[PDB]
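J.: Each number in the authors' numbering comes from the position in the sequence shown (counting from 1) with 2 added on.
The beta carbon of each residue, even a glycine, is placed where N, CA and C say it ideally should be.
Submitted below is the structure of interest, expressed as structure tokens.
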Amino acid sequence: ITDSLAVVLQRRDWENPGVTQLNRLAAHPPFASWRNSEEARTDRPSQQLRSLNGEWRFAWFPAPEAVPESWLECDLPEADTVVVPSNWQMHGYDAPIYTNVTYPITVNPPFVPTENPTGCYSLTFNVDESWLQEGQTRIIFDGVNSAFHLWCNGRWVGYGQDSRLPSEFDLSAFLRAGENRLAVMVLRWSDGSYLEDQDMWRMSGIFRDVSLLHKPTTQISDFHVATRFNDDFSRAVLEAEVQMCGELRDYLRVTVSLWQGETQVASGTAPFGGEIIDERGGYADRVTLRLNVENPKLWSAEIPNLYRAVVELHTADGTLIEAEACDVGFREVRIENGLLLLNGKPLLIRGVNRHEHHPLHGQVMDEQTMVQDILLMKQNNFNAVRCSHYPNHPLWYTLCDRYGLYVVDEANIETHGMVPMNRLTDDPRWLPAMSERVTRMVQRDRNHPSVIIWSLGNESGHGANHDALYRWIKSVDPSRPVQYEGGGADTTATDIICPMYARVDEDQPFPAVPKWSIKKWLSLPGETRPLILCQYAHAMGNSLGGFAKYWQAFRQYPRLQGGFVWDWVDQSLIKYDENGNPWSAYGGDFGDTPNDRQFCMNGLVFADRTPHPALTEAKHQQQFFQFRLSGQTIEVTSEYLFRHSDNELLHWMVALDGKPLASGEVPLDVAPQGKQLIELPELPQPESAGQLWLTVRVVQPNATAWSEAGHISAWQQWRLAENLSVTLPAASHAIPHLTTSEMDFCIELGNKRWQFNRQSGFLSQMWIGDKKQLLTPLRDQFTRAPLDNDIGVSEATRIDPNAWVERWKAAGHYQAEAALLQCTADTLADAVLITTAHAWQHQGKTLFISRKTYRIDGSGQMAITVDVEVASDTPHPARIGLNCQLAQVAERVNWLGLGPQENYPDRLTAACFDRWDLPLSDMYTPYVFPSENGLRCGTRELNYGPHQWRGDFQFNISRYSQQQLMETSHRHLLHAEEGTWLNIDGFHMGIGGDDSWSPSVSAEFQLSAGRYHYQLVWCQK
Ligand SMILES: CC1(C)C(/C=C/c2ccc(O[C@@H]3O[C@H](CO)[C@H](O)[C@H](O)[C@H]3O)cc2)=[N+](Cc2ccc(C(=O)O)cc2)c2ccccc21
Ligand SMILES: [Mg+2]
Ligand SMILES: [Mg+2]
Ligand code: NA
Ligand code: NA
């Protein structure tokens, strides 16, 4: 009767932060209850841990009150069969909602809409007679979003909250021999939802693994593993605290053994009975075993050395009762004289924030995707990952233990959308709900070596509950620093100054919560802590402009120890069009309103894990080898802390304007933090015009667990000698002819002709035979299809006048019409020369003036000179160049300049000057929200079809006009236009990225000069 839905739902436990659970079992490190010690040692499956993943029955309801009572005792006929784990949104049952700060429900704590989508999962399953005769059978829900009641065989078992930590219940008294039925009622919204306002898709369901665990009545209930060292790390002590439940008997003993492969390194045995704690005695149900280990192999992300600990509960008889185990990493984390140290050395954090996202399965994680993420991270020189912003799938910490990544483990607490952010975290009545989110994380993950820093959550202001739970962790686990960014990044609840989007040089003095220059922040009076940015370099679309500025400062300042980029992967989701072709969706593409559109996509990699261009810029700046050149000696500095360069070659190549002359390879032998001098053999010194370039690459000859043989780890380029060309062009055998109309100036030379419209003032057509070459005239361009960083948070709903796109729009940059001031022809002895002069205006104010000269000579080459004035009081323009739409569509693009990948003025350090030859496809970057893209910088020669351009310019080349990109909201709606659109810019504004909601382009990358000059030569070859 009291099992009925009517009575259980009556209490409304999901609108009460004083009930976070009912009858839920205590939290602990991962268990498997092996009944054989060698299976435990080898980490092989345990027949005491069943998976209940697979096909369940599921049914959707608009509110829990709509669930019929029949559902408790038999399957609903309207129910479907569904795979678990899953998010029910990904099966089309209701919409996923993408909102950033604003809560997806009315803010009215602790209450929740009565429209509360409800997932009714059920499973019929068998249990062996063995499990019911002896011991304890429990069920483990690794992840239920956001709360749930549990029935088994019609009887109510319990209730659970916190979406990202395992909820476990005892099923012993509820199971029967043979057929049993689980009934799990999952609520999309709960009072827990008030602490789960992370900027991400809001989904729901049983989205992590479901398991049964069988333990004996007398059991290992908890164990903690600590490692302490002497000053030089030549000796360690492993302390293992083991706790038990059940009937204590004097014959009970515990053995803890430490292995390294098949070598047993130490072992101890003891009865239960701890040291004296206070005036009432000690813990009779606990024992600590202390093992000596001489010259331990130490854990780091550089070399992830692991031991294995095996904990046997047995009798004096030797009868094994059960065994648990974990991997062990010998490493020490401490902050000492203002620096974060690991094994006595200062870490430099090459970090990234990473969400649990999959474009098809939503927030369900798999081993394959996890491994793919880790490989991609290490291959791009990433040290560390921040679990933003919740405890991860348990397998993640095992994988980072083994592959070697430093992990920040973060409690599932974000209250961003409250006003102020403080509201719940400063309120004592919410302390219990918060403590369970902090304490149960620590109790689960404290034995993982890869976790080096605990975090109290994200974006919840600073309340007294943070201070309380900061001190809880410090008392319970001294071995790791605690950090938290809320309330100004330097509150009393953080051992590390952990700002988000603090800039390098520029102060943002917001009241109460300023973001100082990270350099100035360190020096403020009384401040002694290190500074590691919790989030930095917002990688939203065409971003990471200014990334090198950070890493220069990280390398110069000891107490700037890096940061975590925001963030790893685009949170795009897959939809299907009328033909079943997939496309990538973002905010509002599911009827979800209100939403925050494209802001779900901030990754360095697309959702399928293909890299954005910015990934290589990060790889370059975060490389572990630094290079200097004096003469033709190379100084290689290693930023590794623990390992020699014992899988590294240096390849070097010298080349003249792309043409290789000399190469060669040198073994690399640099000690950690050491230097190696390499003198290069006598290098070529040709008399040829052009520029000589030295390029070095570090190459790993052997495969790793994370990379292929031949993997490139770092690179650097220097200009050696230059030779300015002095030679006179070969004399031509003909002079071009000028034909003057009232309408046109036309120029002829051989089969070639050039037409200059005298009404417009632009080169409107060019001929080679009967084949015309332009579909659009060659005109000036002072605008770009705005990037995410240009737009910021501006919408048609609420315009943000301060963003770049809106200052451009307000000033008429986008609707300015060219007004010709001058267009004259002149014949001279060698060539014909057209001079032009245009003004761009808007409502009586002149924005730009453009003075040009076209010189067509007997060699068939058109020399263009441009001299642009920009009014001092108009917003600095996005670019200064020319555009046109060619008739040609060639397969290839050949250029000499920075490449091969997309690069922009404030993000070109990773690009190298060489001859690059790619398909036209690769000259467009398929950002899901389309914008300016594919620019290549510092180019001297561009080759497309019969055409060739020469000068010193930046260019993009595509089948997509700047008009189409600016007007199209999704990449999958783009259509190839007739021919090819070409933008050639003398100058181009930076892209920014320090954040994506305020102007972020540093002054030195703003086109502020007032007058500009660039020069081009158009020819056919
Ligand atoms: C913290 C800061 C800088 C902020 C807001 C910060 C923010 C915004 C969005 C965020 O979303 C996401 O969350 C994810 C975590 O779950 C990630 O962190 C990710 O990075 C983001 O996509 C996060 C922080 N503003 C906005 C603003 C608005 C306008 C102006 C202006 O024009 O003058 C200036 C400041 C203000 C305004 C006054 C004082 C302080 C701020
Ligand atoms: Mg509750
Ligand atoms: Mg947030
Ligand atoms: Na540093
Ligand atoms: Na975001």
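1) Quick check: the Cα distance between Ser457 and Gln370, rounded to an integer number of angstroms?
2) For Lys521, name the three-state secondary structure that DSSP assigns.
3) Applying the criterion that 16 or more other CB atoms from any shown protein chain within 10 Å of the CB defines a buried residue, is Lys217 buried or exposed?
4) Under the rule that 16 or more other beta-carbon atoms within 10 Å means buried, what is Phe850, buried or exposed?
5) In its own chain, which residues sit with a C-beta less than 8 Å from the C-beta of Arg431, not counting the 5 before and 5 after it?
6) Where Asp659 and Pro688 are concerned, what is the direct C-alpha to C-alpha distance, given to the nearest angstrom?
7) Closer than 7 Å: is that where the CB of residue 2 sits relative to any heavy atom of ligand 1?
8) Starting from the N-terminal side, write out each stretch of the beta strand (DSSP E) that is 3 residues or longer and does not extend beyond the stretch 445 to 492.
9) Would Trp553 pass as a contact of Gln624 if the rule is Cβ separation under 8 Å?
10) Any heavy atom of ligand 2 inside 7 Å of the beta-carbon of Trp203?
11) What's the call for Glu358, buried or exposed, on a 16-neighbour Cβ count within 10 Å?
12) Might you give, ordered along the chain, the residues of its own chain that have their beta carbon closer than 6 Å to the beta carbon of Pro527, omitting 5 neighbours on each side?
13) Taking 7 Å as the cut-off, is the beta-carbon of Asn385 closer than that to any non-hydrogen atom of ligand 1?
14) Got a sec? Which residues, its chain only, sit under 6 Å from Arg630 by beta carbon, not counting five neighbours each side?
15) Taking the alpha helix (DSSP H) that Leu765 belongs to, which residues open and close that run?
16) Quick check on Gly1012: buried or exposed, where buried means 16 or more other Cβ atoms within 10 Å of its Cβ?
17) Label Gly94 either buried or exposed according to how many other C-beta atoms from any shown protein chain fall within 10 Å of its C-beta, with 16 as the threshold for buried.
18) Three-state secondary structure (DSSP) at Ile534?
19) Could you spell out where the beta strand (DSSP E) holding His622 opens and where it closes?
20) Confirm the yes/no value for this check: CB of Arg557, any heavy atom of ligand 4, distance under 7 Å.
21) Does the beta carbon of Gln485 fall short of 7 Å from some heavy atom of ligand 1?
22) For a test of the three-state rule: what should DSSP assign to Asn581, helix, strand or coil?
23) May I ask you to verify whether the stretch 342 to 359 touches the stretch 551 to 566, counting CB pairs closer than 8 Å and requiring at least 3?
24) Going by C-alpha to C-alpha distance, which of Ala657, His30 and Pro674 sits closest to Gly666?
25) Can you give me the C-alpha to C-alpha distance between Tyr486 and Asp164, rounded to a whole angstrom?
26) Quick one: what's got a C-beta closer than 6 Å to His653's C-beta in the same chain, skipping five residues either side?
27) Near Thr970, which residues of its chain fall below 6 Å by C-beta distance, leaving aside the five closest residues on each side in sequence?
28) For residue 1026, list the residues DSSP reports as bridge partners.
29) Can you name the residues that DSSP bridges to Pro921?
30) Less than 6 Å between C-beta atoms, sequence neighbours within five positions excluded: which residues of the same chain meet that for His391?
31) Closer than 6 Å by C-beta to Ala435: which residues in its own chain qualify, once you throw out the five before and the five after it? Chain order, please.
32) Around the Cβ of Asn791, are there at least 16 other Cβ atoms within 10 angstroms (buried) or fewer (exposed)?
33) Since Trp756 contacts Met864 with CB under 8 Å, what's their CB separation in whole angstroms?
34) Which residue comes first and which comes last in the alpha helix (DSSP H) that contains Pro396?
35) Using only CA atoms, which one of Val868, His735, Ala913 and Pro877 lies nearest to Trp720?
36) Within 7 Å: the Cβ of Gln365 and any heavy atom of ligand 1?
T.: Short version:
1) For the purposes of this step, residue 457 is taken as residue 455 along the sequence shown, with counting starting at 1. For the purposes of this step, residue 370 is taken as residue 368 along the sequence shown, with counting starting at 1. The straight-line gap from Cα to Cα measures roughly 27 Å.
2) Residue 521 sits at position 519 when you count from the first residue of the sequence shown. Looking at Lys521 - three-state DSSP - the assignment turns out to be helix.
3) Residue mapping note: residue 217 aligns to position 215 of the sequence shown, counting from 1. Answer is buried; the Cβ neighbour count reaches 16.
4) If you number the sequence shown from 1, residue 850 lands on position 848. Classification of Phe850: buried, given that the 10 Å Cβ count is 16 or more.
5) Sequence index remark: in the sequence shown, residue 431 carries index 429 (1-based). If we look at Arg431 and ignore the five residues flanking it on each side, its Cβ neighbours are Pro19 and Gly20.
6) For the purposes of this step, residue 659 is taken as residue 657 along the sequence shown, with counting starting at 1. For the purposes of this step, residue 688 is taken as residue 686 along the sequence shown, with counting starting at 1. The straight-line gap from Cα to Cα measures roughly 12 Å.
7) Outside the shown range of the chain, which is 3 to 1023, sits residue 2, and nothing can be said about it.
8) Taken in chain order, the whole beta strand (DSSP E) runs of length 3 or more contained in the stretch 445 to 492 are 453 to 457.
9) Within the sequence shown, the letter at position 551 stands for residue 553. Within the sequence shown, the letter at position 622 stands for residue 624. The Cβ-Cβ distance between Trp553 and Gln624 falls below 8 Å.
10) Locating residue 203 in the sequence shown gives position 201, where the first residue counts as 1. Result no, Cβ not under 7 Å from ligand 2.
11) The residue you call residue 358 lines up with position 356 of the sequence shown. Buried, since its Cβ has 16 or more Cβ neighbours within 10 Å.
12) As a first step, residue 527 is located in the sequence shown; it is residue number 525 there, counting from the start. Correct list: empty, nothing qualifies.
13) The count along the sequence shown starts at 1 and reaches residue 385 at position 383. Flag unset: Cβ of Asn385 not near ligand 1.
14) As a first step, residue 630 must be located in the sequence shown, where it is residue number 628. Excluding positions up to five away in sequence, the list reads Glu637.
15) By 1-based counting over the sequence shown, the position of residue 765 is 763. That residue, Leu765, is in no alpha helix (DSSP H); its beta strand (DSSP E) goes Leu765 to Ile770.
16) The residue you call residue 1012 lines up with position 1010 of the sequence shown. Around the beta carbon of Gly1012, fewer than 16 other beta carbons lie within 10 angstroms, which makes this residue exposed.
17) Your numbering for residue 94 matches position 92 in the sequence shown. The residue is exposed, with fewer than 16 neighbouring Cβ atoms inside 10 Å.
18) By one-based count along the sequence shown, residue 534 stands at place 532. Reduced to three states, the DSSP call for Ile534 is strand.
19) By 1-based counting over the sequence shown, the position of residue 622 is 620. That residue, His622, is in no beta strand (DSSP E); its alpha helix (DSSP H) goes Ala616 to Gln623.
20) Numbered from its first residue, the sequence shown carries residue 557 at position 555. Indeed, a heavy atom of ligand 4 lies less than 7 Å from the Cβ.
21) Locating residue 485 in the sequence shown gives position 483, where the first residue counts as 1. Result no, Cβ not under 7 Å from ligand 1.
22) Translated into the one-based positions of the sequence shown, residue 581 becomes position 579. DSSP places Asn581 in coil when its eight states are reduced to three.
23) Segments in contact, yes.
24) Here the question's residue 666 lines up with position 664 in the sequence shown. Nearest C-alpha to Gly666: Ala657.
25) Residue mapping note: residue 486 aligns to position 484 of the sequence shown, counting from 1. Residue mapping note: residue 164 aligns to position 162 of the sequence shown, counting from 1. Going from the Cα of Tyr486 to the Cα of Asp164 covers about 19 Å.
26) Here residue 653 refers to the residue found at position 651 of the sequence shown. Once the five neighbours on either side are set aside, the close Cβ partners of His653 are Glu667, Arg699 and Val701.
27) Locating residue 970 in the sequence shown gives position 968, counting from the first residue. Excluding sequence neighbours, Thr970 sits near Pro932 and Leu976.
28) Outside the displayed range of the chain (3 to 1023) lies residue 1026, so it cannot be described from this structure.
29) As a first step, residue 921 must be located in the sequence shown, where it is residue number 919. BP columns for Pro921 point to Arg894.
30) As a first step, residue 391 is located in the sequence shown; it is residue number 389 there, counting from the start. Taken in chain order, the residues that qualify are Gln200, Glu412, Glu416 and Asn460.
31) Your numbering for residue 435 matches position 433 in the sequence shown. Excluding sequence neighbours, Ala435 sits near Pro19 and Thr22.
32) On the sequence shown, position 789 is the one that residue 791 refers to. Buried, by the Cβ-count rule.
33) One-based indexing of the sequence shown puts residue 756 at position 754. One-based indexing of the sequence shown puts residue 864 at position 862. That pair is a contact at about 7 Å.
34) Locating residue 396 in the sequence shown gives position 394, where the first residue counts as 1. Here the alpha helix (DSSP H) through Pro396 covers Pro396 to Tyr405.
35) In the sequence shown, the residue the question calls residue 720 occupies position 718. With respect to the C-alpha of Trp720, the residue from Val868, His735, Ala913 and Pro877 having the closest C-alpha is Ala913.
36) Here residue 365 refers to the residue found at position 363 of the sequence shown. The answer is no for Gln365.
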